[PDB]
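J.: Pasting a structure here, questions to come.
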Amino acid sequence: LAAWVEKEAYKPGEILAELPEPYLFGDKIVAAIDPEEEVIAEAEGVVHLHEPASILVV
Amino acid sequence: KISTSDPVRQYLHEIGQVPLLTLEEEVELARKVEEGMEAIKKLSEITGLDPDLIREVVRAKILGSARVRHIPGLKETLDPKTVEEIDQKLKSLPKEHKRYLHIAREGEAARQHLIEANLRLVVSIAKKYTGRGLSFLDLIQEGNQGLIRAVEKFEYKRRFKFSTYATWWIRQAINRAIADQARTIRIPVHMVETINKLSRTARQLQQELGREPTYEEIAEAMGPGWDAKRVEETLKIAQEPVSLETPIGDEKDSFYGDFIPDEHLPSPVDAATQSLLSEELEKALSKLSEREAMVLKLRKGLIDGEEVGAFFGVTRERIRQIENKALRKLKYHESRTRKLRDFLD
Ligand SMILES: [Mg+2]
Ligand SMILES: [Mg+2]
Ligand SMILES: [Mg+2]
Ligand SMILES: [Mg+2]
Ligand SMILES: [Mg+2]
Ligand SMILES: [Mg+2]
Ligand SMILES: [Mg+2]
Ligand SMILES: [Mg+2]
Ligand SMILES: [Mg+2]
Ligand SMILES: [Mg+2]
Ligand SMILES: [Mg+2]
Ligand SMILES: [Mg+2]
Ligand SMILES: [Mg+2]
Ligand SMILES: [Mg+2]
Ligand SMILES: [Mg+2]
Ligand SMILES: [Mg+2]
Ligand SMILES: [Mg+2]
Ligand SMILES: [Mg+2]
Ligand SMILES: [Mg+2]
Ligand SMILES: [Mg+2]
Ligand SMILES: [Mg+2]
Ligand SMILES: [Mg+2]
Ligand SMILES: [Mg+2]
Ligand SMILES: [Mg+2]
Ligand SMILES: [Mg+2]
Ligand SMILES: [Mg+2]
Ligand SMILES: [Mg+2]
Ligand SMILES: [Mg+2]
Ligand SMILES: [Mg+2]
Ligand SMILES: [Mg+2]
Ligand SMILES: [Mg+2]
Ligand SMILES: [Mg+2]
Ligand SMILES: [Mg+2]
Ligand SMILES: [Mg+2]
Ligand SMILES: [Mg+2]
Ligand SMILES: [Mg+2]
Ligand SMILES: [Mg+2]
């Protein structure tokens, strides 16, 4: 979902450098930059709301 | 036990366990339904199979086994082998198209899910179109058919949510139903509204006269082309029928249908009529010329009611000639031996 939002990982291989400052000394994004269930051409196709943790017994 | 409560509880319980969140769940499902469409179509494109076929096979795999295909739609899709063949090509679709298959099913499911969740919406709606002449369950059911209709056309791209959308698509389904089934003798929607306007108008007219409007007022107040003959006619159609089986007179044990007489059936008098009439008409028909007598006997008594087109090859002059001369010798000798005079009719 968020992959395309921050173009860094879906556009080129930059999800590793997305980990900000300690990389100089599977998904791993920035410290905390996005807060919506959207599509980011321009923050247009969105849906900012709740987040379920539905346990499927399977 | 009693039927309204059980269904009410039936869907209310499922909504109670799964209402759809305002935005999220309706968005989610919506998105899946559409992708299903785009999927099925693209499936049609790569399989050459009609989107109708792709649609029913994903339905069977998600909604029901051979059981649901065999009883509902009689038998053209082989219960097992047929649909299966279709699922096999769907599997063969590599990584790229297989994706559409997997999506189509998931989309089909979501659909049903959205439909389930928005059933309270129907009943809440259908609740007010109650006293129109349809059973509450019948009303909810048509309205239900309406919500399914909405599901087919909602474009999630256009931000508005399914609530307001279903409202319209349901109200239309209901009103139609009300106009198509409510009466024994069907009445088009226009006549219906026509009747409502007539009623409403009679209402505002009752308002001050103290005189149930003569069909004069109703015409006036109604509008452009309303006249007495029109109103007397509409309200005549407005009266629903009466129960052929109704308690009559001292309701003790009276049933309305034993009293209506019968018309096609020849009461004895008529059977005797056709006996002598046919025997005597048959006697005259024999001792004669079969040239213009049978022509007018058959043209008049055998098929339909054409002097020229009445006689075979011989023109009009021999027709009128034998018609009028044989018809009069026949009448004047029948005047002698008076058998026909006493008008059998
Ligand atoms: Mg980081
Ligand atoms: Mg790193
Ligand atoms: Mg560096
Ligand atoms: Mg470090
Ligand atoms: Mg080192
Ligand atoms: Mg953030
Ligand atoms: Mg998201
Ligand atoms: Mg925004
Ligand atoms: Mg969303
Ligand atoms: Mg939130
Ligand atoms: Mg597509
Ligand atoms: Mg191709
Ligand atoms: Mg058949
Ligand atoms: Mg065939
Ligand atoms: Mg089978
Ligand atoms: Mg089986
Ligand atoms: Mg593709
Ligand atoms: Mg009422
Ligand atoms: Mg309303
Ligand atoms: Mg009326
Ligand atoms: Mg009104
Ligand atoms: Mg009346
Ligand atoms: Mg009586
Ligand atoms: Mg009779
Ligand atoms: Mg006879
Ligand atoms: Mg004779
Ligand atoms: Mg003969
Ligand atoms: Mg003869
Ligand atoms: Mg004879
Ligand atoms: Mg004749
Ligand atoms: Mg004839
Ligand atoms: Mg004819
Ligand atoms: Mg001929
Ligand atoms: Mg003559
Ligand atoms: Mg002559
Ligand atoms: Mg004659
Ligand atoms: Mg006389």
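Residue numbering restarts at 1 in every chain; chains get A, B, ... in the order shown in the structure tokens, and ligands count up from 1 in that same order.
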Contacts between chain A and chain B, please, where a residue of chain B counts if it comes within 9 Å (with only C-alpha atoms); show its shortest atom pair and distance in Å to one decimal, rows by chain and ascending number, as JSON lines.

T.:
{"residue": "B:23", "atom": "CA", "partner": "A:47", "partner_atom": "CA", "distance": 7.0}
{"residue": "B:24", "atom": "CA", "partner": "A:47", "partner_atom": "CA", "distance": 6.8}
{"residue": "B:27", "atom": "CA", "partner": "A:47", "partner_atom": "CA", "distance": 8.2}
{"residue": "B:157", "atom": "CA", "partner": "A:45", "partner_atom": "CA", "distance": 8.3}
{"residue": "B:159", "atom": "CA", "partner": "A:45", "partner_atom": "CA", "distance": 8.9}

J.: Using N, CA, C and O atoms, can you export the residues from the last selection as a PDB file, in the first residue's frame?

T.:
ATOM      1  N   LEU B  23     -16.448   4.823   6.374  1.00  0.00           N
ATOM      2  CA  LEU B  23     -15.622   4.982   5.203  1.00  0.00           C
ATOM      3  C   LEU B  23     -14.881   3.737   4.800  1.00  0.00           C
ATOM      4  O   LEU B  23     -15.065   3.226   3.701  1.00  0.00           O
ATOM      5  N   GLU B  24     -14.042   3.263   5.709  1.00  0.00           N
ATOM      6  CA  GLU B  24     -13.159   2.141   5.466  1.00  0.00           C
ATOM      7  C   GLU B  24     -13.811   0.930   4.834  1.00  0.00           C
ATOM      8  O   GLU B  24     -13.598   0.676   3.646  1.00  0.00           O
ATOM      9  N   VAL B  27     -15.422   1.547   1.545  1.00  0.00           N
ATOM     10  CA  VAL B  27     -14.413   1.870   0.557  1.00  0.00           C
ATOM     11  C   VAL B  27     -13.750   0.588   0.085  1.00  0.00           C
ATOM     12  O   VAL B  27     -13.721   0.278  -1.112  1.00  0.00           O
ATOM     13  N   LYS B 157     -14.756   6.102  -7.527  1.00  0.00           N
ATOM     14  CA  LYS B 157     -13.889   7.208  -7.948  1.00  0.00           C
ATOM     15  C   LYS B 157     -14.556   8.526  -7.560  1.00  0.00           C
ATOM     16  O   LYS B 157     -13.908   9.448  -7.051  1.00  0.00           O
ATOM     17  N   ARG B 159     -16.224  10.254  -5.125  1.00  0.00           N
ATOM     18  CA  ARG B 159     -16.196  10.237  -3.658  1.00  0.00           C
ATOM     19  C   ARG B 159     -17.492   9.899  -2.898  1.00  0.00           C
ATOM     20  O   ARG B 159     -17.400   9.153  -1.915  1.00  0.00           O
TER      21      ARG B 159
END

J.: Write out as number ranges by chain each polymer residue (protein, DNA or RNA) that has an atom no more than 9 Å from ligand 13, with only C-alpha atoms and all ligand atoms counted.

T.: B: 73-76

J.: CA of residue 51 (chain B) to CA of residue 1 (chain A): how many Å, to one decimal?

T.: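 We find that CA of residue 51 (chain B) and CA of residue 1 (chain A) lie 28.8 Å from each other.
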
J.: Counting only C-alpha atoms, which residue out of B:52, B:180, B:34, B:253 sits closest to residue 152 (chain B)?

T.: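 The closest residue to residue 152 (chain B) is B:34.
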
J.: Please identify all polymer residues within 12 Å of residue 288 (chain B), counting only C-alpha atoms, omitting same-chain residues fewer than 3 positions from it, and present them as a compact mmCIF listing (two decimals) with C-alpha atoms, in the first residue's frame.

T.:
# COMPACT_ATOMS: atom_id res chain seq x y z
CA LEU B 281 -81.19 -24.30 -42.82
CA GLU B 282 -79.47 -27.55 -43.93
CA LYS B 283 -82.61 -28.77 -45.74
CA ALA B 284 -82.91 -25.55 -47.77
CA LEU B 285 -79.13 -25.49 -48.52
CA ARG B 291 -73.15 -21.78 -56.96
CA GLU B 292 -74.18 -18.60 -55.07
CA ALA B 293 -76.06 -20.08 -52.10
CA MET B 294 -73.06 -21.89 -50.66
CA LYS B 297 -73.68 -19.46 -46.87
CA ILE B 322 -78.46 -15.94 -58.23
CA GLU B 323 -78.01 -14.37 -54.76
CA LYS B 325 -83.15 -14.67 -57.16
CA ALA B 326 -82.40 -17.78 -55.12
CA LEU B 327 -82.59 -15.83 -51.81
CA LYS B 329 -87.43 -18.04 -54.13
CA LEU B 330 -86.10 -19.54 -50.88

J.: Could you tell me how far CA of residue 103 (chain B) sits from CA of residue 42 (chain A), in Å to one decimal place?

T.: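 Separation between CA of residue 42 (chain A) and CA of residue 103 (chain B): 26.3 Å.
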
J.: One number please: atom 1 (Mg, counted along the ligand's line) of ligand 36 to CA of residue 276 (chain B), in Å, one decimal.

T.: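 Here the two named atoms are 24.1 Å from each other.
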
J.: Which residues form the shell of 10 Å around ligand 12 when you count only C-alpha atoms and all ligand atoms, given as a list in words?

T.: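 Protein and nucleic-acid residues within 10 Å of ligand 12: residues 45, 46, 47 and 97 of chain B.
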
J.: Report as a Markdown table: every residue of chain B with an atom at most 12 Å from ligand 16, its closest pair of atoms, and their distance in Å to one decimal, counting only C-alpha atoms and all ligand atoms, with rows sorted by chain and ascending residue number.

T.:
| residue | atom | partner | partner_atom_place_in_ligand_line | distance |
| --- | --- | --- | --- | --- |
| B:61 | CA | ligand 16 | 1 (Mg) | 11.4 |
| B:64 | CA | ligand 16 | 1 (Mg) | 11.3 |
| B:65 | CA | ligand 16 | 1 (Mg) | 7.8 |
| B:66 | CA | ligand 16 | 1 (Mg) | 7.8 |
| B:67 | CA | ligand 16 | 1 (Mg) | 10.0 |
| B:79 | CA | ligand 16 | 1 (Mg) | 9.6 |
| B:80 | CA | ligand 16 | 1 (Mg) | 7.5 |
| B:81 | CA | ligand 16 | 1 (Mg) | 10.4 |
| B:83 | CA | ligand 16 | 1 (Mg) | 11.9 |
| B:84 | CA | ligand 16 | 1 (Mg) | 10.5 |
